Amino acid sequence: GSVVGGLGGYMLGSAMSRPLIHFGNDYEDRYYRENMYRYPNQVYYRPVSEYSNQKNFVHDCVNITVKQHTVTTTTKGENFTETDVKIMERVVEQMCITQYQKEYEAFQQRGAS
Numbered sequence: 119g120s121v122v123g124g125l126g127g128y129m130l131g132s133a134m135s136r137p138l139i140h141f142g143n144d145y146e147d148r149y150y151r152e153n154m155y156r157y158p159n160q161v162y163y164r165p166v167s168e169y170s171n172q173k174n175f176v177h178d179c180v181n182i183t184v185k186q187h188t189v190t191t192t193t194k195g196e197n198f199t200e201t202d203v204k205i206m207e208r209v210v211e212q213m214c215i216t217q218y219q220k221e222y223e224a225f226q227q228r229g230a231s
C-alpha cells in the first residue's frame, strides 16, 4: 500500500545498525547513543540508478528519511526536539552512505531484471 503517506517513488532500506556519530558535544553524543533505540534504523530513498551522483542521493536520502519519521511523529504523535531532528539527520547520513553502496550496485541488477 503506502510506504508512509505519499513518498514520490521512494522506498525503504534494510534494517541496519545505527552508527555512532561524534557531534563535538559531550551531551549530544551521549543523548544519541543512550537514546539510540528511539531513532530510525532504516532510511527512505529514491532509485539511485537514476541519480548521477551519490551526493544528491545523500541529501534527498537524509532529508526524506527524517521527513517521513519527523512528520509521522512531530505532527502525528510527539513533537521531536530540534536536537532529535539534528542527531537523526546525522545517523541517517552515515546510514545513507552505506545504503547507497549497496542500493547502487543492487539496483543495477534488482531493477534491471
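Position in the sequence shown (from 1) plus 118 gives the number in the entry's author numbering.
Just so it is clear, CB atoms sit at the ideal spot from N, CA and C, and this is done for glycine as well.
Contact between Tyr157 and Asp178 is absent: CB atoms are separated by about 19 Å, not below the 8 Å threshold. Between the beta-carbon of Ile182 and that of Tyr128 there is about 6 Å, and that keeps the pair under the 8 Å contact cut.
Relative to the Cα of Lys173, the nearest Cα in the group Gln226, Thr216, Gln227 belongs to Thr216. DSSP places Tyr218 in the helix class (H, G or I) of the three-state scheme. The count of Cβ pairs closer than 8 Å, one atom from the region 134-152 and one from the region 181-197, stays below three, leaving the stretches out of contact. Counting the other CB atoms within 10 Å of its CB gives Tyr155 a total below 16, which places it among the exposed residues. Annotated three-state conformation of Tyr149 is helix, per DSSP. Excluding the 5 residues flanking it on each side, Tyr150 has same chain C-beta neighbours closer than 6 Å at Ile205, in chain order.
Distances from the alpha-carbon of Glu152 to those of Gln160, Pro165, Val161, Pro137 put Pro137 closest.
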